[PDB]
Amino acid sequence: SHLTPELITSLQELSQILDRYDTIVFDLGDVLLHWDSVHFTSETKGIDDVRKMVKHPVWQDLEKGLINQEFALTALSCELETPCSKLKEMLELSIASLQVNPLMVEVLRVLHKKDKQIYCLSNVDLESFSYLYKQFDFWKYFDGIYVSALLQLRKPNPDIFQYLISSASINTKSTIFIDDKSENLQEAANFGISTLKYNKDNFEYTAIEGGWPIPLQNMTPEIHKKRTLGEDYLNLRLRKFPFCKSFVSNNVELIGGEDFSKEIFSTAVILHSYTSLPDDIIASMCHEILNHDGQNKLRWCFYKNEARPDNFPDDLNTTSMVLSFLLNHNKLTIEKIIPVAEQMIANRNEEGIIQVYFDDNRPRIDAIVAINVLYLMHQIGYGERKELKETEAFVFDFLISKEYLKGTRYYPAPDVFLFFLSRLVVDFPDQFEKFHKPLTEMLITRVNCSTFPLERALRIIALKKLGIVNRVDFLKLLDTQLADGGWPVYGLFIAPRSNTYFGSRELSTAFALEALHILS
């Protein structure tokens, strides 16, 4: 009574079978990649097959992202009685031998051309995944990447299939799944997904009717309540203070902060980033931007006038973010904006980089202000202007040199730079292709690397816009919502000379809710 798999040995066969499905799921290993596991070094004592490492239960902890490679290797040098330097060696040689499967990468490229939904489902650890993302170039063929170290789940547990089906909204009826390991294929079949076993010299194809029901939700009821509680919390805050409040102090957690609430920038940030604000709040906060007394001829000052220090200039950051939002909500025309954009091009320093302030007496640069200025440039038609070349290069170097790990002049948190960069790169992809992979690669390395809710939320948002599901940061984010539904205050940006952080519970809650939304 065991279901007899149809064998396949002709590309014509493989092709007709694959065409019968809307959605194809690849696993990386074997199907799309291969490598040499055995690797002898100048260390005679110990194991010789990296397979001993990958078969060890500690490896499950690495794949799920619970531990890193240094940790895994330290525990394995003990369990496997092999000098850890030899295992590190072995693991490196195996990684260096990785190559694509040329046949299946071509299948993958074609499937993507025929406008199919394609997902990558792989047990692979964060550090390896980051390296694979850099080394190969089929990732562009995937509609979504589901990696164990980003999920805290792993094949063959049904949990990972259940999260895949739910996350990607998959109709398992029209879904097939290509993998080498049988137990992964059996698990997916009990979910009603048809399987395609990749063998040495053939494919085993089991069509699966399925159509049975799904089990209990990993945390869905939890999530719906926390989202509602956060929404109620934030809508109440913003309806009472549509001019988004801020607090100041000398630390990122704003411990002991005092209420300031006289800068309009936070309001602009919230208008731009949380895409589910009720309409009355958008309008009420939009009203604030326009009537902001620090508007002078379509240029904005950070401060309200009453709070404006002596001789504090308009800045290209407030102005850029505001104009961009106005433009995008049909409250300003490109014709009115372009003259302001032109003042910005006239604000470059000796190195050609557009500067922060509308004031030649206050020369400053900042990578994120650069980014937000370029965003407005491309949004209005200026994307090919020659005067932007040096500014774009400043931002690219900031990324590639990993200089962003030290923060920007006004934004200390590295993920804030990656986040705003990801809006530019994703929203204007033709003009930013060379950024896409180094950006996605930095983000992969940073999954779950900090505890601050807003930072976790930024990484969730950016990686998802770039096609990668970051469930780990998601989970931890839920754990830090407080009982009233809001998240804790966060110092998004600083007055550098005085080391004054600025932030609000509203800022943290808005990005958190957006991150919960984007993975929903």
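Just count from 1 along the sequence shown to find any residue number.
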(message) I need to verify one thing: averaged over C-alpha atoms only, is the B-factor higher for 423-431 or for 216-224?
(response) 216-224
(request) Return whichever of 305-313 and 347-355 has the greater mean Cα B factor according to the PDB record. (result) 305-313
(request) Name the one of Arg446, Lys437, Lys140, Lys200 with the greatest CA B-factor according to the PDB entry. (result) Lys200
(message) Using only the C-alpha B-factors in the record, can you name which of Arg385, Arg154, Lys173, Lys134 has the highest?
(response) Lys173
(request) Compare the C-alpha B factor of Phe191 with those of the other modelled residues in its chain, then answer lowest, middle or highest third. (result) middle
(request) Within this chain's modelled residues, let me know which third the CA B factor of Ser97 belongs to: lowest, middle or highest. (result) lowest
(request) Report the third (lowest, middle or highest) to which the CA temperature factor of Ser128 belongs, ranking only the modelled residues of the same chain. (result) lowest
(message) Sorting by Cα B-factor within the chain, modelled residues only, which third would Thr319 end up in: lowest, middle or highest?
(response) middle
(request) Compare the C-alpha B factor of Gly46 with those of the other modelled residues in its chain, then answer lowest, middle or highest third. (result) highest
